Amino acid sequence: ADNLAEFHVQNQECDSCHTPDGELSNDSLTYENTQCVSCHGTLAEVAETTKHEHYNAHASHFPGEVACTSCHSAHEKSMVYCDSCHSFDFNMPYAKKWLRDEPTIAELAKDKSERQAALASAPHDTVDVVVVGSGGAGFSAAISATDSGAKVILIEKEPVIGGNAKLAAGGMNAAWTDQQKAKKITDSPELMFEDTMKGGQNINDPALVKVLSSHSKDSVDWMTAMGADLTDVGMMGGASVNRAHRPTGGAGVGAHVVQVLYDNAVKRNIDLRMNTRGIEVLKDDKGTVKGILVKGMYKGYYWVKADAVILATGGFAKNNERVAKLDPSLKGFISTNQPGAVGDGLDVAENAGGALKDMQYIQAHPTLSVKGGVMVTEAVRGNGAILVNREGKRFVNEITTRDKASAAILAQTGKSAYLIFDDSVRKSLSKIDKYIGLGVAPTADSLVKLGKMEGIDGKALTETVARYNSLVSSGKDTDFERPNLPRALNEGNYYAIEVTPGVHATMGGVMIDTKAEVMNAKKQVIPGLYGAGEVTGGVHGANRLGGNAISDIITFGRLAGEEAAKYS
């Protein structure tokens, strides 16, 4: 057969997958995926039949309920979603090579005829607020507006939920929490504010950083009340004390937080629509929001009538063409992001009158795996690992800010470096076992053997770790001034991960005030329009601190939903 439907119709009727009249149920293909499951079982049941030692197409780190049609189309060949970041040996029936080529908002102006027909029709739905984006900020806004009495519709352009938020690892920053007190840590919102402004080179808007520090504990409390585990508290770069909260044992914070938000949305019966892209914010004759035009992949264009729209579409770090026009030093670099993080949300905000700010400030994460092409958490360094070059020496304070750490690594021989750690560091952070499972953390029982395996001077490496452990014992790094030295690298076996910088976060975006309202270039509010999360600018200034984006998306998403519900 040439496609999956052709295979099935040799022995089945059309109504085995379709509704009685044949129309597609909705853009999430709810009815159709329910029929796949009726014969094959749930995704976890299918996964029992497709196990590999270290990977499985049907049992991954993605949260929520991943629809079968995310990867299996019926009437045409289709792509494996995991191929956008990995290259596992798969043999999916009727597959084609991964390729993402989404039309821009400007190119969609070519659908003049279909769009005018949709806008001439009745609105498909009439609600109070529409939220665009199913990342951490969007789910937070949808839940808080619903809890404040508003009727919401939440839309997502991709086939799966979570955006970049589901990939987060290192933690969520907050001060002075009950969780910090239980681990004997002393902190304050004032200290988090001061670290944040200094880390951003004082470019941040101080009123928005005051919202970030002062609401941080309340956001950790709100997530914990909904069922999240934020009890493990570690250190990230540029922080005075440990404040990055994540699950017990050092597991990833992102997939966990997104799964909690999704379960809480399902409990409240929130209308969530996949494969549905927001295209154009609609405004009335007085300049206030009246609704939004959307494009469903399977059902086409339609509009929703509403008093408020909350844009929560994330950043644009996957789009290297746009990144290079703003910061040419990052042209041609690989990215840590999901395939849809290209900035179309910024285009929608500008078309509605919103102004942008700080667009030139873009962050490279210092440690992407050279072998796997995926981000390696900064929590590996925070829990104790060091960085060495090909000559086997340390060369930088490993917990400095990301701008300085990326530059340092690029200055070394081969433009890459190695994370080095032992079993004491491995057992303190369970996320490290995920890098061992991916095959990007080679190990040996001596540093001479490990240096030979990877191309690092072995004698120098051995001497480097001995000296570092001596610095840890005395309490002061006289070589690179690293201010926190948590563990000596001397238990069990040794591990190396080859790393280099990659494009990771865009600190600029739509201009918002402290109530999350979007403003134009004259600094006037656009009534009914809100923004929250990485789509906004002014919170992180010239360099974001690790742990501060998960904090931002919960705080500003929650505030935007409450403000939009009150606006009504």
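Start at 1 with the first residue shown and count on from there.
Set 451-459 against 254-262 and average the Cα temperature factors; 451-459 ends up higher.
Taking the mean C-alpha B-factor of each stretch as recorded, 95-103 and 221-229 are not equal, and the higher mean is that of 95-103. Between the residues 431, 246, 305, 115, it is 115 that shows the highest Cα B-factor in the PDB record. Between the residues 273, 365, 277, 476, it is 476 that shows the highest Cα B-factor in the PDB record.
When the CA B factors of the chain's modelled residues are split into thirds, the value for residue 519 lands in the highest one.
The deposited CA B-factor of residue 331 belongs to the middle third of values across its chain.
Residue 193: CA B factor lies in the middle third for its chain, per the PDB record. Remark: residue 27 belongs to the middle third of its chain, ranked by C-alpha B-factor as recorded. Split the chain's modelled residues into thirds by C-alpha temperature factor. Residue 155 is in the lowest one.
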